Amino acid sequence: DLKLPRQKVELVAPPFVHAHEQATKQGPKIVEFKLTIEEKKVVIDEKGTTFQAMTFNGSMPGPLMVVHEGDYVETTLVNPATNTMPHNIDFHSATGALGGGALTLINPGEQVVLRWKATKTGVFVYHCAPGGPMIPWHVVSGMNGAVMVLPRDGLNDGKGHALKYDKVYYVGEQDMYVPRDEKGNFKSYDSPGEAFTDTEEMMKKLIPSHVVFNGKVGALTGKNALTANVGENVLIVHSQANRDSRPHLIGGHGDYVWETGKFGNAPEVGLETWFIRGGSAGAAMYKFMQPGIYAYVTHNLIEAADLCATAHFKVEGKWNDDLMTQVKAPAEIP
Amino acid sequence: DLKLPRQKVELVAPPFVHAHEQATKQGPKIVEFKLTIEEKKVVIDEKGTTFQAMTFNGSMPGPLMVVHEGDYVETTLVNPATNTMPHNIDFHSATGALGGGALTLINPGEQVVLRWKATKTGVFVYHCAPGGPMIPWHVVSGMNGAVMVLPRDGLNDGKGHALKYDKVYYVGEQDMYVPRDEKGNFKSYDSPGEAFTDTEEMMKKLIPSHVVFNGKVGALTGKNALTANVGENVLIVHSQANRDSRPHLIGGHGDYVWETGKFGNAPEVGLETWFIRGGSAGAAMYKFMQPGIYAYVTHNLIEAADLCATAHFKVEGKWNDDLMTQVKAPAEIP
Amino acid sequence: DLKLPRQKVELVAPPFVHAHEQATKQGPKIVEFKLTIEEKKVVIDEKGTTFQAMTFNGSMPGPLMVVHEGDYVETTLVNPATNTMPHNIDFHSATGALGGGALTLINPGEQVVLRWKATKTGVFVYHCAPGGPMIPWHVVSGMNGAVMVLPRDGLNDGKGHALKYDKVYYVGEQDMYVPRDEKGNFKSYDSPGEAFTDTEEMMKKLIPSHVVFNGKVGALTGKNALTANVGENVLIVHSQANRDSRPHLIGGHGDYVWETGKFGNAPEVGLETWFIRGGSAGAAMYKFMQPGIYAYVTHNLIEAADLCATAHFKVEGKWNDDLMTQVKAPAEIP
Ligand SMILES: OC[C@H]1O[C@@](CO)(O[C@H]2O[C@H](CO)[C@@H](O)[C@H](O)[C@H]2O)[C@@H](O)[C@@H]1O
Ligand SMILES: OC[C@H]1O[C@@](CO)(O[C@H]2O[C@H](CO)[C@@H](O)[C@H](O)[C@H]2O)[C@@H](O)[C@@H]1O
Ligand SMILES: OC[C@H]1O[C@@](CO)(O[C@H]2O[C@H](CO)[C@@H](O)[C@H](O)[C@H]2O)[C@@H](O)[C@@H]1O
Ligand SMILES: O=N[O-]
Ligand SMILES: O=N[O-]
Ligand SMILES: O=N[O-]
Ligand SMILES: [Cu+2]
Ligand SMILES: [Cu+2]
Ligand SMILES: [Cu+2]
Ligand SMILES: [Cu+2]
Ligand SMILES: [Cu+2]
Ligand SMILES: [Cu+2]
């Protein structure tokens with residue numbers, strides 16, 4: 001019926017993003033992705049707290065899918081028989097059937113193939129939504145990711161100038177709700193199913209126990225720090241599927257920021273901190289001007305410092321004293 | 001003194017909106033509204049929880065008032081003798097006297113008439129504000145609604161194109177604070193007055209027990225689902241008088257969105273989720289492309305699924321397979 | 001090395017702002033500021049609750065620093081020997097070294113001098129950030145202020161028209177976390193150090209006990225009410241270093257509002273309520289049209305009325321009946 005070229009995509013684990021063109025002269029294609037659901041218990045903090053996670057492709061967040069405006073996205077979703085729950089998928093980028101949720105419901109042992117057309121550009125959340133109280137449960141359990149729909153001519157500043165990024169990272173923020181016991185220790189559970197009751201009581205009080213980038217406290221620090229060099233223009237995509245976030249690059253700015261995350265609107269310029277609406281993704285580009293460590297955080301500093309929400313960037317290059325200088329090092333007050 | 005034609009308006013109960021023109025060739029008029037305050041106990045959930053509500057015109061939210069830029073809005077507010085508290089009204093659309101609160105204070109048995117000029121276009125909250133700690137109390141009790149001030153030429157996209165809506169619905173989101181007892185059951189009270197102490201202790205902890213559209217869990221589902229047909233351009237006005245919200249049309253987008261809700265600013269385009277600042281209203285227009293059920297939610301999915309915050313839309317028309325198709329129905333994993 | 005004129009600035013205590021030009025024909029200068037850190041116990045409410053505060057220059061927020069685009073800001077930070085903790089400073093307006101935090105760490109008895117170039121216009125937060133869990137602690141303790149970086153040609157509406165303000169006030173909103181005892185009374189502590197453990201447990205639950213403008217409940221009411229006259233264009237700068245706020249001028253509007261607070265973006269017009277992202281500052285200008293009291297609030301009315309977050313404005317001039325009139329004073333219902 002639909003007579004167009006097919007392109008397969010190997011998805012990569014966040015914060016990386018599969019190779020793709022920014023501007024392109026290709027026409028619309030059918031872009032094929034596979035997602036496999038994995039239920040598993042995982043360690044979310046350095047003190048060893050465990051969590052019944054549910055993931056697309058074994059990661060939190062799910063991998064980022066990149067396509068251009070007009071492409072058709074054909075997704076195979078697989079719920080292996082080792083999973084215990086029905087799952088589905090809804091794309092905020094898609095039109096109809098609750099974003100696809102209503103066509104994609106699959107029990108363990110099943111798979112489904114869905115095609116939707118990419119009519120709107122920007123970055124959009126995808127997430128599981130099986131029904132009723134299960135919706136919030138699967139999402140705060142890790143079943144959310146994002147999809148970026150680029151314009152064929154690539155990004156622009158709204159004033160006719162191309163904005164080309166040299167690299168792109170995907171940062172998925174996850175609010176997690178782990179209940180404590182009488183003594184105030186986090187509880188461990190055998191199955192997602194048994195975690196459900198206690199997790200649900202706690203979720204309704206709306207205060208997360210952990211807020212983490214990429215699935216774990218510290219995931220994007222040390223050896224897994226994001227990297228750049230002075231002069232590189234870096235795009236950061238940030239999703240939050242349930243609760244608002246306020247990302248900030250410490251030492252840096254957002255040179256161009258789509259805080260609503262939709263590229264038919266012109267980016268704002270020069271931001272210190274931006275706002276990601278719960279249930280959405282946004283994008284911010286910055287050209288690094290100085291080397292050293294930067295921290296990428298949500299500027300609820302309690303969340304940042306105390307609940308897990310910090311990534312590091314490690315940037316190489318030449319210090320610029322014109323931009324910033326220590327005039328006089330610490331010293332006794334005269 | 002003010003020599004202009006008078007127009008009376010029969011207000012309708014949300015989510016409907018009284019008949020009005022979008023663009024108009026009439027000159028400024030004095031538009032006359034009546035609001036009567038009702039204190040009453042009401043059922044807010046399907047398990048029968050009750051709540052001491054205080055309302056304009058017996059509904060939550062108050063009815064939506066529509067007028068054009070330059071009109072004079074003349075409002076009669078009535079506090080019948082069967083009410084037990086003084087009430088007033090403040091319009092965010094109005095200039096001076098705490099938005100009118102300071103001229104509109106009335107005890108049970110009294111009424112007052114206020115006129116203000118509509119100098120600013122957009123959608124704006126109105127709410128009771130009697131004074132001190134009473135302000136938050138009356139608002140989270142239901143005494144808030146909205147008023148839409150259209151431009152005489154109707155809405156535009158910012159790029160010179162008219163945006164005409166075929167219908168408009170008003171969705172009022174209410175954060176409610178109902179205290180539990182020692183056993184963890186919601187408490188019932190005889191009077192608003194007696195609910196005050198317990199409600200106040202709980203309010204200060206800032207976590208609502210229920211978040212509802214149009215006064216009740218389920219109010220805008222089943223028989224009272226919002227409706228449209230494929231091809232209709234629908235405007236949704238959303239108010240939140242105290243706490244932020246993040247509305248999302250599941251299966252749909254915001255084609256044009258005034259998230260700050262003021263029509264002197266150009267709408268943003270193509271949104272997945274938008275943000276209604278506490279103490280404000282916003283507006284989003286969407287042309288339906290596909291039939292079926294859509295859910296309108298705040299994309300805090302805990303609030304949506306677990307605390308009451310979901311409306312349904314039921315849309316008639318022809319499925320479009322080009323936009324979205326089930327390629328392969330659920331099936332055993334090969 | 002850097003061969004330019006030096007200008008000293010005497011900082012003033014908020015909500016006032018040191019004298020400065022809006023548009024200017026001066027070239028880039030080195031602008032020199034001194035900040036001295038003060039740890040002290042202070043009264044934050046009318047019932048006499050005390051709080052271990054940490055401040056720049058003995059106030060909450062820190063004073064507002066004003067400079068123009070291209071200036072070099074040279075800041076002497078002093079940590080006197082009567083303080084018990086190391087402190088530093090990070091500017092969101094600055095580029096590199098965690099906004100300066102990584103060059104400015106000083107123990108009691110020390111001082112440091114830092115210079116950064118003002119490449120981006122807008123209003124930006126500055127705050128202490130010593131490291132780890134200490135970051136949120138020092139900030140919610142009062143160690144945050146703001147810096148405004150004006151364009152040399154002054155502010156504009158985005159459509160080529162100058163916007164000149166007749167006065168400017170700086171409103172710093174502080175979320176504070178004071179723990180209660182078993183009986184439910186606020187606790188007093190001898191030292192910042194001893195407050196730390198209890199404050200930290202409470203901070204992680206993310207619900208502040210007090211939200212105050214300018215350091216105290218009632219600080220900007222009564223004798224210290226902000227003032228204006230009908231016809232004055234007033235700029236209000238609002239910072240929030242950790243948690244979001246939704247400012248609203250009751251009786252008024254935001255005629256021009258930079259909600260993200262960066263002047264390379266055009267202001268929005270006609271707002272009822274705007275949003276200050278946690279970790280940022282914004283600015284709103286309003287021309288007063290009517291006399292009387294206005295309240296400036298965050299339109300979480302619980303925060304406003306119940307947790308400390310209200311300022312008053314007292315405006316002189318002639319009432320305008322065309323804008324708003326009491327047609328009929330309170331009276332018995334016929
Ligand atoms: O030591 C018993 C005493 O402790 C409480 C705590 O309030 O409950 C604990 O002990 C129960 C019975 O031994 C456990 O089942 C319960 O789960 C645990 O919290 C009281 O119930 C009891 O009187
Ligand atoms: O069974 C009595 C025991 O229960 C507590 C709960 O901590 O209080 C309950 O009983 C009181 C006196 O019977 C009631 O007035 C009170 O309101 C109820 O919670 C204890 O106070 C008491 O020791
Ligand atoms: O009256 C003693 C009784 O009260 C509790 C409250 O649960 O604790 C109080 O008394 C303790 C010992 O007297 C204090 O150290 C404690 O800090 C205070 O809360 C119980 O522990 C105790 O059984
Ligand atoms: O200790 N369990 O609730
Ligand atoms: O059970 N009443 O608090
Ligand atoms: O009463 N002190 O926790
Ligand atoms: Cu799932
Ligand atoms: Cu969603
Ligand atoms: Cu009232
Ligand atoms: Cu209000
Ligand atoms: Cu400090
Ligand atoms: Cu910061």
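For the numbers below, each heavy atom of this structure counts, side chains included, while hydrogens, waters and symmetry mates do not. When a ligand or atom number is given, it counts from 1 through the structure's own listing order. Per chain, numbering begins at 1; letters A, B, ... match sequence-line order.
Side-chain contact, A/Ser245 with A/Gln240: no donor N or O sits under 3.5 Å from an acceptor N or O. Defined by atom type and a distance below 3.5 Å, a donor-acceptor pair is missing between the side-chain atoms of C/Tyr126 and C/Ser239.
Between C/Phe91 and C/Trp116, the two ring planes are tilted [angle within 30° to 60°]. A tilted orientation is assigned to the rings of A/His238 and A/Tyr296, their planes being inclined by 30° to 60°. Between A/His299 and C/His127, the ring planes lie perpendicular to each other; the angle is over 60°, past the 30° to 60° tilted range.
Ion pair A/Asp45/A/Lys47 not flagged as a salt bridge, since none of the NZ, NE, NH1 or NH2 atoms sits closer than 4.0 Å to an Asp/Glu carboxylate oxygen.
Note that atom 19 (O) of ligand 3 has protein non-hydrogen atoms nearby, at separations under 4.0 angstrom. Inside a 4.0 Å radius of atom 14 (C) of ligand 3 there is not any protein heavy atom. In this structure, atom 11 (C) of ligand 3 is not in close contact with the protein, since no protein heavy atom lies within 4.0 Å of it. Under the 4.0 Å distance rule, the nearest protein heavy atom to atom 7 (O) of ligand 3 falls inside the cut-off.
Counting atoms of ligand 3 from 1 in the listed order, those under 4.0 Å from a heavy atom of C/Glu182 are 6 (C), 7 (O), 9 (C), 18 (C), 19 (O).
In summary, A/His248 places no N/O/S atom under 2.8 Å from the Cu ion (ligand 12), failing the contact criterion.
The Cu ion (ligand 12) is the vertex of the angle joining NE2 of C/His92 and NE2 of A/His299, which measures 110° to the nearest 10°.
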